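Participant: Structural data only, the sequence is not supplied:
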């Protein structure tokens, strides 16, 4: 239950305004003060209030009290109000701090769920490597078998080539060295061509 | 040859710190096998016999070399290793889904509790028991300190 | 025609090689064994006149599943 905002509207700290309103309709705005004057004067004149040393003790206490409230009442009011505002702000901030803590916890959990959803890359990487290794070995096997068969065929062609080479070289130098082993016709024909030199 | 394209930082996030080395070795072997599949084509160029029919003067040996080659059954290696990592992936997806269900339980609890904190009574209409059941940290230890003020005097 | 006599008579003498593998060499084998040794040994070491038999290895693999 929330407290009200304002009190009961006393006057002079002694008399609530309900009384002045209650005497308004029949004796105007001056009814209460006329009644107070009348009651004071009747108490005085008939020794209901005996003036004594307590009159002046009471006057001094009442003066100190009125001066005290008038001067240090604003300060005490603002002190109480600041105490309440500080407690309220501290409680509100503690509330917001707990809200922020649990919102951060929810976010952290959803992030962990994102990670655990990202988990599958380990296995697709391993599967990638298995497939690639098997394909690499297949292609290495096909190049090995191709290149080996081709190497044998090219060895045949190379032995044939260098056999032909050595043989043709020996052939040509044999035929030159062997025609050396073999003529007035050329004797005359030399002079014939020298004449044909012109 | 249908591969799984991969993120590498994402691959990094899901690796516990007791098997980082294995993650790095998987990465290095992935890169090595990509490289080695790059630098060799798919099928060898089967050389025409023409240059090997008309220039090997040897007696029919080329023909049996080519017969042994056209009839060669080169062994395609089979997997024998992917099915078991698929089984491990199945088990892992099981563990992941159960942990996810637990985290969803915790998340629904947090959302209930955050609705509780979000709907507090205004603080100027709040008894002290309402505070002690809202933030139970704020309750006087009437167990250890049984006498007033129910807390250490320095705390006041 | 000195060199034409050379050419034609000598190519005919060469073509007379029915029984002659190398046309009356009487030599050139003492080095031909070295040449063919060298050629084959630098091409390979096994017998390169027969088909090659193929041994094939298989890739290694380890314990990869979560320990």
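Facilitator: Alright, I've got the coordinates. Residues are numbered from 1 along each chain as shown, chains lettered A, B, ... in the order given.

Participant: Let's test this: what are the backbone torsions at residue B:88?
Facilitator: The phi/psi pair for residue B:88 (degrees, to the nearest 10) reads phi -60, psi -40.

Participant: what kind of secondary structure is the residue nearest to it when sequence neighbours are not counted in?
Facilitator: Counting by C-beta to C-beta, 6 or more residues apart in numbering or on different chains, residue C:65 is the residue found nearest to residue B:88 once chain neighbours are left out, at 4.4 Å. Bear in mind the C-beta positions are built from the backbone N, C-alpha and C, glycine included. Assigned with DSSP: H, G, I helix; E, B strand; the rest coil, residue C:65 falls in the coil class.

Participant: Near residue C:65, how many other residues are there?
Facilitator: 14 (other C-beta atoms under 10 Å in any protein chain shown).

Participant: For chain B, which segments count as helices?
Facilitator: For chain B, the helices defined by DSSP state H occupy B:9-13, B:20-38, B:50-53, B:61-70, B:82-118, B:128-134.

Participant: swap that for chain C, sorry
Facilitator: C:2-15, C:29-43.

Participant: now chain A
Facilitator: Under DSSP H, chain A gives helices at A:17-27, A:31-45, A:53-118, A:121-179, A:184-195.

Participant: residue contacts, the closest residue to chain A within chain C?
Facilitator: Scanning chain C for proximity to chain A using C-beta to the nearest C-beta identifies residue C:10 as nearest, at 3.5 Å. Residue C:10 makes contact with A:175, A:176, A:178, A:179, according to C-beta atoms under 8 Å, 6 or more residues apart in numbering or on different chains.

Participant: residues near the closest residue to residue C:58 other than its chain neighbours, how many?
Facilitator: Using C-beta to C-beta, 6+ apart and skipping residues adjacent in sequence, the residue nearest residue C:58 is residue B:77, 5.9 Å away. When neighbours are counted by other C-beta under 10 Å, residue B:77 registers 15.

Participant: quick revisit: could you dump the helices of chain A into CSV with mean neighbour count added?
Facilitator: Output for the helices of chain A, formatted as CSV (neighbours: other C-beta atoms under 10 Å in any protein chain shown):
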stretch, mean neighbour count
helix A:17-27, 12
helix A:31-45, 12
helix A:53-118, 12
helix A:121-179, 16
helix A:184-195, 9
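
Participant: out of those helices, which comes closest to chain B?
Facilitator: Judging the helices of chain A by C-beta to the nearest C-beta, what sits closest to chain B is helix A:121-179, at 3.8 Å.

Participant: Residue in chain B with the shortest distance to chain C?
Facilitator: Counting by C-beta to the nearest C-beta, chain B gets nearest chain C through residue B:88, at 4.4 Å.

Participant: before we move on, the earlier item: which stretch among the helices of chain C approaches residue B:26 most closely?
Facilitator: When the helices of chain C are compared by C-beta to C-beta, helix C:29-43 sits nearest residue B:26, at 41.0 Å.

Participant: tell me the angle that closest one makes with helix A:121-179.
Facilitator: Interaxial angle of helix C:29-43 relative to helix A:121-179 (axes from the mean of the first three to the mean of the last three C-alpha atoms, to 10 degrees): 170 degrees.

Participant: starting at the chain centroid, how far to helix C:29-43?
Facilitator: In terms of C-alpha atoms, centre = their mean, to the nearest Å, the centre of helix C:29-43 is found 8 Å from the chain centre.

Participant: Would you mind pulling the contact partners of that helix?
Facilitator: With C-beta under 8 Å, 6+ apart, helix C:29-43 has contacts from A:151, A:155, A:158, A:159, A:162, A:163, A:166, C:48.
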